[PDB]
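Reviewing the structure listed below.
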Amino acid sequence: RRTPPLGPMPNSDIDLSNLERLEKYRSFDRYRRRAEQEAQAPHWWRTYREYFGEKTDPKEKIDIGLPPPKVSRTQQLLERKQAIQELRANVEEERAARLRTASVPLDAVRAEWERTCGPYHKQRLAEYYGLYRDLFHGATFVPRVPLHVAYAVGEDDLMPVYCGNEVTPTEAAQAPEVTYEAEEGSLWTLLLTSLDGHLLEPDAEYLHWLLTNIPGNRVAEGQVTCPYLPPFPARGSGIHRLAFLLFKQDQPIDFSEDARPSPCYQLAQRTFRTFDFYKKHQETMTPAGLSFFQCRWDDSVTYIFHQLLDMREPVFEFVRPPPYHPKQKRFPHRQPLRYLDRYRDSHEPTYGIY
Amino acid sequence: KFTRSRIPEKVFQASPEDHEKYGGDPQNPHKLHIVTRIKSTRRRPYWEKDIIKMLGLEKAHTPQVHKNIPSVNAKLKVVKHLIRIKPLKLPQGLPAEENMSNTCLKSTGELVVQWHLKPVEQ
Amino acid sequence: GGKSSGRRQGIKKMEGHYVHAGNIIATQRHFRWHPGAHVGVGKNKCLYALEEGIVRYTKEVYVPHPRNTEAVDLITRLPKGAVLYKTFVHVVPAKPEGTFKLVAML
Amino acid sequence: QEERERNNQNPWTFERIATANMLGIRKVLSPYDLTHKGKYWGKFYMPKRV
Amino acid sequence: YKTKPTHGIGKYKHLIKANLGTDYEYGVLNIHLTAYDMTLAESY
Amino acid sequence: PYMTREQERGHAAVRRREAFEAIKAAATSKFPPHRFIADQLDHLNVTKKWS
Amino acid sequence: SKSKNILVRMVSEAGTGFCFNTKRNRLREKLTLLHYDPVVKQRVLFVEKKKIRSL
Amino acid sequence: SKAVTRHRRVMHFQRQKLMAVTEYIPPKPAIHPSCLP
Amino acid sequence: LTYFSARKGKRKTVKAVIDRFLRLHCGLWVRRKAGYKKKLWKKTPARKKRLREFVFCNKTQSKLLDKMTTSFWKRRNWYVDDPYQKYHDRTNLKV
RNA sequence: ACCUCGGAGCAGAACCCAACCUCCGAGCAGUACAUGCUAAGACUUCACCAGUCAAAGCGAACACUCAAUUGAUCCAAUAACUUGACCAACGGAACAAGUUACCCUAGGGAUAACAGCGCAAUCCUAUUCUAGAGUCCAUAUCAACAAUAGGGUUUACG
RNA sequence: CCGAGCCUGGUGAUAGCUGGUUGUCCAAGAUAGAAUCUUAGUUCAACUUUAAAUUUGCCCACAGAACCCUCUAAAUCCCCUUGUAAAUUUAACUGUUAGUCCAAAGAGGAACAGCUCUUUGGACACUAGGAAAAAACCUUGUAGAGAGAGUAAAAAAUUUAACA
Ligand code: FES
Ligand SMILES: [K+]
Ligand SMILES: [K+]
Ligand SMILES: [Mg+2]
Ligand SMILES: [Mg+2]
Ligand SMILES: [Mg+2]
Ligand SMILES: [Mg+2]
Ligand SMILES: [Mg+2]
Ligand SMILES: [Mg+2]
Ligand SMILES: [Mg+2]
Ligand SMILES: [Mg+2]
Ligand SMILES: [Mg+2]
Ligand SMILES: [Mg+2]
Numbered sequence: 027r028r029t030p031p032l033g034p035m036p037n038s039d040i041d042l043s044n045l046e047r048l049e050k051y052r053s054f055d056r057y058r059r060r061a062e063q064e065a066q067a068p069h070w071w072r073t074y075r076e077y078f079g080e081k082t083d084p085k086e087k088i089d090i091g092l093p094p095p096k097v098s099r100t101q102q103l104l105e106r107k108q109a110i111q112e113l114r115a116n117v118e119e120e121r122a123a124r125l126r127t128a129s130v131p132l133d134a135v136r137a138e139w140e141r142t143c144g145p146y147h148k149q150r151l152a153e154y155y156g157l158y159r160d161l162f163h164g165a166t167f168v169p170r171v172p173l174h175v176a177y178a179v180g181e182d183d184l185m186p187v188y189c190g191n192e193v194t195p196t197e198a199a200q201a202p203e204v205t206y207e208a209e210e211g212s213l214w215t216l217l218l219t220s221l222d223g224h225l226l227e228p229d230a231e232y233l234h235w236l237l238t239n240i241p242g243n244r245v246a247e248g249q250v251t252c253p254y255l256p257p258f259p260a261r262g263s264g265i266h267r268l269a270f271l272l273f274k275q276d277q278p279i280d281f282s283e284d285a286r287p288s289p290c291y292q293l294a295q296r297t298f299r300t301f302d303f304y305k306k307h308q309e310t311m312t313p314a315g316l317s318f319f320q321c322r323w324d325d326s327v328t329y330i331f332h333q334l335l336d337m338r339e340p341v342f343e344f345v346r347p348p349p350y351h352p353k354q355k356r357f358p359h360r361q362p363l364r365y366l367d368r369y370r371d372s373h374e375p376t377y378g379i380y
Numbered sequence: 035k036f037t038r039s040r041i042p043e044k045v046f047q048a049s050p051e052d053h054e055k056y057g058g059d060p061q062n063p064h065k066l067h068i069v070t071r072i073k074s075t076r077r078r079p080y081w082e083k084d085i086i087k088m089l090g091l092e093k094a095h096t097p098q099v100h101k102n103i104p105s106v107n108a109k110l111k112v113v114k115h116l117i118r119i120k121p122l123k124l125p126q127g128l129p130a131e132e133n134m135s136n137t138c139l140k141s142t143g144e145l146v147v148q149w150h151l152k153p154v155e156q
Numbered sequence: 043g044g045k046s047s048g049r050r051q052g053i054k055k056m057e058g059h060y061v062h063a064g065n066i067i068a069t070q071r072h073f074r075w076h077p078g079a080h081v082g083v084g085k086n087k088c089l090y091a092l093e094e095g096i097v098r099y100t101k102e103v104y105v106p107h108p109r110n111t112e113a114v115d116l117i118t119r120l121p122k123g124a125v126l127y128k129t130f131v132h133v134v135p136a137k138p139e140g141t142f143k144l145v146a147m148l
Numbered sequence: 202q203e204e205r206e207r208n209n210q211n212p213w214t215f216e217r218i219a220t221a222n223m224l225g226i227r228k229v230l231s232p233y234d235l236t237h238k239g240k241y242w243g244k245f246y247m248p249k250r251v
Numbered sequence: 048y049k050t051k052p053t054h055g056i057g058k059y060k061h062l063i064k065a081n082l083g084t085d086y087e088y089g090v091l092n093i094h095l096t097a098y099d100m101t102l103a104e105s106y
Numbered sequence: 052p053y054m055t056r057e058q059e060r061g062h063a064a065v066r067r068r069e070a071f072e073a074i075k076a077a078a079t080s081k082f083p084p085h086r087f088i089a090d091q092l093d094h095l096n097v098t099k100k101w102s
Numbered sequence: 011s012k013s014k015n016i017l018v019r020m021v022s023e024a025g026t027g028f029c030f031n032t033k034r035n036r037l038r039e040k041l042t043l044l045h046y047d048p049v050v051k052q053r054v055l056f057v058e059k060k061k062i063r064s065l
Numbered sequence: 030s031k032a033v034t035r036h037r038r039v040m041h042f043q044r045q046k047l048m049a050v051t052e053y054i055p056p057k058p059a060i061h062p063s064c065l066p
Numbered sequence: 094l095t096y097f098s099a100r101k102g103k104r105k106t107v108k109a110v111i112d113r114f115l116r117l118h119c120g121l122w123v124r125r126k127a128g129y130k131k132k133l134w135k136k137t138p139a140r141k142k143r144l145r146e147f148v149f150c151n152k153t154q155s156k157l158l159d160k161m162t163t164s165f166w167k168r169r170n171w172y173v174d175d176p177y178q179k180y181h182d183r184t185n186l187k188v
């Protein structure tokens with residue numbers, strides 16, 4: 027009994043008549059490149075992606091970011107081609123390229139990277155950490171306005187936060203330096219939330235910083251709705267991630283319902299949901315920047331629970347499932363003597379009635 | 035070797051000429067079956083014998099009521115040559131609590147709820 | 043001669059069967075089924091599950107290791123555009139690695 | 202032969218009964234009888250069988 | 048499996064190869095290149 | 052058929068589950084019968100006679 | 011069935027008394043291997059002392 | 030005996046009944062064509 | 094097996110079982126592997142690993158050895174520093 | 001001649017599946033010298049005995065190839081580790097061949113010969129075919145390659 | 001009754017061999033194999049029985065099980081629903097395995113055998129009716145009484161040559 031296939035055969039298009047006059051791969055790399063392309067295509071048969079690939083909804087994820095900038099491709103391309111010719115005109119660059127002694131400046135590349143394709147890479151990088159999945163329930167936004175956040179450690183060193191870099195709570199004990207390029211007369215809204223910092227509700231998040239109606243780049247002049255609170259990842263609870271959200275306000279917004287007392291050392295008030303918060307302010311507010319870092323437990327976390335939070339620090343531990351053992355049988359055939367030890371609880375001798 | 039049988043799906047596809055011959059309606063299929071074994075399970079394979087027991091068809095010429103569902107129909111299509119299948123018709127409707135003691139299944143496949151044992155006055 | 047009995051080799055765990063770590067999935071003389079995700083292969087081409095979960099069989103693109111010369115010489119003579127496929131057996135993990143539990147309140 | 206099959210007034214044919222396993226007839230038939238349709242018995246071919 | 052619609056997906060030998083000259087084509091030609099210089103003969 | 056495969060699914064799970072629980076109850080209730088003291092004493096009636 | 015190889019016994023040079031048997035060709039000099047000695051938990055030199063049998 | 034035999038092997042009675050029931054029946058016209066004009 | 098001795102009229106014990114087997118009071122019989130000292134040079138380390146292990150006899154073999162030994166070998170012993178002391182009783186066993 | 005082990009066909013698709021069957025072999029060699037020590041969970045040649053895979057861990061590096069390539073217990077040797085049988089009748093008795101019509105006992109129609117019976121390769125007979133012999137001429141006779149039936153007298157087979 | 005006299009004793013020698021194995025009634029109850037100085041036997045497993053414990057067992061929707069190989073086979077394995085009520089484990093042992101024929105697939109013989117050897121299924125060693133009598137074909141099983149009733153399978157066809 028044979029069933030006809032539900033779709034085209036993988037090698038049905040190849041013609042077997044003139045097999046001798048067909049170009050072959052002749053190499054391993056050529057076949058591998060073709061093999062990868064077909065592995066990313068849907069098939070009517072069962073595939074690895076069906077059981078292991080991350081399922082995604084047919085609905086395209088909506089965009090809630092700023093509109094893309096308008097750039098003339100023809101004018102942009104004209105300058106780039108001329109610059110390449112001038113670079114290739116110099117014989118020193120070719121000699122350095124031929125002798126393998128040339129190098130590129132990293133700082134200049136990143137400054138140009140941050141303005142051209144930096145927002146797009148960060149959006150893809152944010153999706154890997156599941157920020158859009160949690161903060162906006164899958165809704166994405168392009169971080170059009172880069173956000174520069176750096177923590178002052180000591181008096182001369184700074185710890186920048188680009189995207190998910192490791193930051194200790196000791197470095198995050200005080201409010202960091204927040205800077206960004208903005209026009210005069212515009213209003214902004216800073217936000218800092220810990221996605222996994224919550225101790226009771228897995229879905230809810232803890233609010234660490236909330237500044238509203240920021241006039242331009244002057245962060246200090248902005249309203250202090252929520253006082254800064256250092257991150258407090260519990261010991262043995264893993265690695266937590268805190269995301270800096272920067273919003274652009276179209277009109278002045280009153281945050282009376284979101285106002286919190288200073289200081290706010292109660293986790294019930296510190297509870298915060300980004301989805302509901304943006305849902306009631308999406309009309310006049312739009313995300314503009316994004317930055318996040320990963321935080322571990324250190325000695326400074328003990329200070330927060332004892333001094334600030336006035337509570338006992340909870341300590342977690344990674345617990346694995348108990349080992350699987352089949353149902354114990356009265357006569358284990360061809361089993362080693364250590365079979366009984368697998369089903370014995372106490373390692374100390376027992377005597378029963380004696 | 036002798037083995038089970040895979041009946042093609044086209045066999046169980048009633049034609050329009052069959053609906054005018056057996057009185058059935060494809061748009062409104064009947065709800066319940068009336069299965070009656072009319073052949074011996076002897077000299078038949080063991081899997082046919084087991085299905086007869088599962089359907090409660092031990093005693094021959096003893097009508098049994100089953101549901102017209104694909105899983106039950108799957109078992110019937112295996113022993114379809116040993117049983118007689120008739121639809122269950124309800125001229126008076128489903129029996130109620132007061133009509134349980136007055137039911138009677140006639141040979142035509144209809145279940146009456148008023149078995150009076152009295153000649154029709156008409 | 044030729045009085046040898048069968049080796050009782052074949053599929054030990056079919057599609058959808060729940061297996062534990064170390065359970066033998068399939069025994070084969072030659073590579074009829076290839077190891078997939080969380081599936082190990084022994085000396086005698088014996089497929090055993092490396093993790094506890096559900097067994098799945100899929101068709102995947104076969105890219106041989108460059109060191110394996112015999113299989114590399116086979117794909118290099120294929121017509122351009124042709125792609126080889128083989129059956130792979132995978133184990134989809136069912137339980138997570140572990141959980142974080144509260145142990146004390148300091 | 203094609204005409205004989207079309208105008209055959211017998212409502213029962215070997216092909217219909219054998220394929221549908223009517224009366225459990227496949228217990229005394231052969232797997233080849235599903236394709237031979239009763240026209241072949243051993244090495245002998247019967248042209249009169251429809 | 049053979050009964051499955053995906054039967055034969057793993058077949059590969061039919062894609063792998065296992081003289082007479084017709085009236086339209088030349089069957090076998092030997093191009094002899096004679097030269098006293100070994101580099102010129104190898105290069106051509 | 053009156054219903055399709057999808058519609059039929061799960062329409063008798065409760066009844067089937069309860070039916071097996073009755074089998075388990077009868078299977079796990081197997082125990083020797085109670086022994087009464089009246090029955091042991093009633094064997095002395097074999098020697099009952101008239102005065 | 012000519013005995014091409016023979017079975018010899020290698021004795022540890024560390025004095026621990028550990029020994030193991032290995033197979034070597036008959037027409038060959040006495041082996042001097044570097045095998046792991048569990049007594050000292052490190053690789054130690056071994057020297058062939060006595061032939062056990064012929065394989 | 031073998032499935033294929035040189036002589037006509039006798040069919041099983043159930044098979045023989047099946048062959049007899051499933052015999053070609055030529056259509057019979059109501060009036061013979063020769064008698065009609 | 095001698096079911097009735099000629100001088101005491103009681104069941105005897107087959108000494109072949111006693112030397113080759115060990116009985117735990119839980120009913121299990123512990124034996125060695127046949128061939129754990131034979132031709133070790135031609136056996137792989139994995140094969141030798143399971144040859145020097147102590148294994149349990151199945152139900153049929155255990156019932157056979159219970160008839161070939163008397164009740165003196167089924168008694169509970171309390172040897173001081175017994176290597177198999179912890180295996181004389183089952184734990185968390187159901188059915 | 002054969003007795004153990006492995007592959008292919010029968011056995012077409014999970015496993016298994018027999019001979020007087022249809023074919024080819026195996027009783028090794030080579031590279032290692034952590035071919036070390038331990039330990040979840042499984043396979044298993046239809047029992048058992050044996051056989052096979054194996055995560056993690058310890059310790060080191062930075063479960064060898066091979067379808068088969070094998071032998072149990074006791075015993076002997078050995079300080080110990082380990083080693084020992086074409087025990088090949090290969091699940092192996094520590095060590096024993098012929099002959100009997102001078103034969104004996106217990107049984108066997110599970111089993112031979114004669115017979116009966118089955119079967120018709122062989123045997124036998126008549127038609128079909130008309131090539132060919134018969135001076136000419138298939139059919140007075142005779143007859144090839146074959147075909148179609150019957151017979152149960154031989155030789156065989158069961 | 002001399003290829004080794006007779007008698008007594010060991011001796012109730014032993015016999016995997018032959019024969020026999022005593023009252024009533026009811027219930028469950030048949031055909032995978034491996035090893036064997038073994039194929040007239042025995043042991044283990046399979047099967048079968050009783051008791052006990054426990055929870056799934058059987059039927060089976062998709063999905064899924066290989067290439068060198070189109071006899072591109074019939075069909076299995078797995079398998080939720082569903083129909084149903086069994087199944088597994090524990091305890092205690094006995095017994096059966098010198099099988100037949102029919103249908104089907106394929107081997108050996110001769111595209112012979114009531115032939116031999118595997119596989120699937122049925123029947124038989126379990127009753128009754130019908131094929132003439134009838135272990136194996138068909139009908140049909142769960143058990144009594146009746147001088148009631150309805151049915152199942154179930155009775156062979158065929159008579160042939162003129163001719164310009
Ligand atoms: S009977 Fe009508 S033509 Fe003669
Ligand atoms: K022997
Ligand atoms: K015997
Ligand atoms: Mg074989
Ligand atoms: Mg046959
Ligand atoms: Mg086994
Ligand atoms: Mg033997
Ligand atoms: Mg063996
Ligand atoms: Mg003489
Ligand atoms: Mg005398
Ligand atoms: Mg006697
Ligand atoms: Mg009975
Ligand atoms: Mg022997």
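Residue numbers (PDB author numbering), protein chains in the order written: chain 6, 27 to 380; chain Z, 35 to 156; chain W, 43 to 148; chain N, 202 to 251; chain f, 48 to 65, 81 to 106; chain o, 52 to 102; chain 1, 11 to 65; chain I, 30 to 66; chain 3, 94 to 188. Heads up, the beta-carbon is just placed ideally off N, CA and C, and yes, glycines get one too.
Sequence-distant residues of the same chain with beta carbon closer than 8 Å to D229 (chain 6), five excluded per side: As a working mapping, residue 229 (chain 6) is identified with position 203 in the first sequence. So the qualifying residues of the chain are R299.
Within 10 Å of its beta-carbon, does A221 (chain N) have 16 or more other beta-carbons around it, so buried, or fewer, so exposed? Stepping through the fourth sequence from its first residue, residue 221 (chain N) is reached at position 20. Answer is buried; the Cβ neighbour count reaches 16.
Contacts that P52 (chain o) makes with chain Z (C-beta to C-beta distance below 7 Å): For this step, residue 52 (chain o) is matched to residue 1 along the sixth sequence. Residues of chain Z passing the Cβ test: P63, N102, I103, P104, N107.
Helix, strand or coil for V97 (chain W)? Go by DSSP, reduced to three states. The sequence position of residue 97 (chain W) within the third sequence is 55, counting from 1. DSSP places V97 (chain W) in strand when its eight states are reduced to three.
Exposed unless 16 or more other CB atoms sit within 10 angstroms - verdict on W235 (chain 6): Within the first sequence, the letter at position 209 stands for residue 235 (chain 6). Classification for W235 (chain 6): buried.
In three-state terms, what does DSSP make of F331 (chain 6)? On the first sequence, position 305 is the one that residue 331 (chain 6) refers to. In this structure, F331 (chain 6) counts as helix in the three-state DSSP scheme.
Taking a contact to mean a Cβ-Cβ separation below 8 Å, would you say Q354 (chain 6) touches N185 (chain 3) in this structure? For this step, residue 354 (chain 6) is matched to residue 328 along the first sequence. For this step, residue 185 (chain 3) is matched to residue 92 along the ninth sequence. Yes, these two residues count as a Cβ contact at 8 Å.
Spell out whether any CB of chain 6 is found under 8 Å from the CB atom of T101 (chain f). Against the fifth sequence, residue 101 (chain f) aligns to sequence position 39. No, no contact with chain 6.
4 or more residues per run - each alpha helix (DSSP H) lying fully within the stretch 264-300 of chain 6: 293-296
Please confirm whether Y88 (chain f) and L126 (chain W) have their CB atoms less than 8 Å apart. Counted from its first residue, the fifth sequence places residue 88 (chain f) at position 26. Counted from its first residue, the third sequence places residue 126 (chain W) at position 84. No. Outside cutoff.
If you pair each beta-carbon of the stretch 245-265 of chain 6 with each one of the stretch 285-304 of chain 6, do three or more pairs fall below 8 Å? yes
Just to confirm the assignment, what range does the alpha helix (DSSP H) spanning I111 (chain 3) have? To locate residue 111 (chain 3), count along the ninth sequence from 1; it is residue 18. 108-113 is the extent of the alpha helix (DSSP H) around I111 (chain 3).
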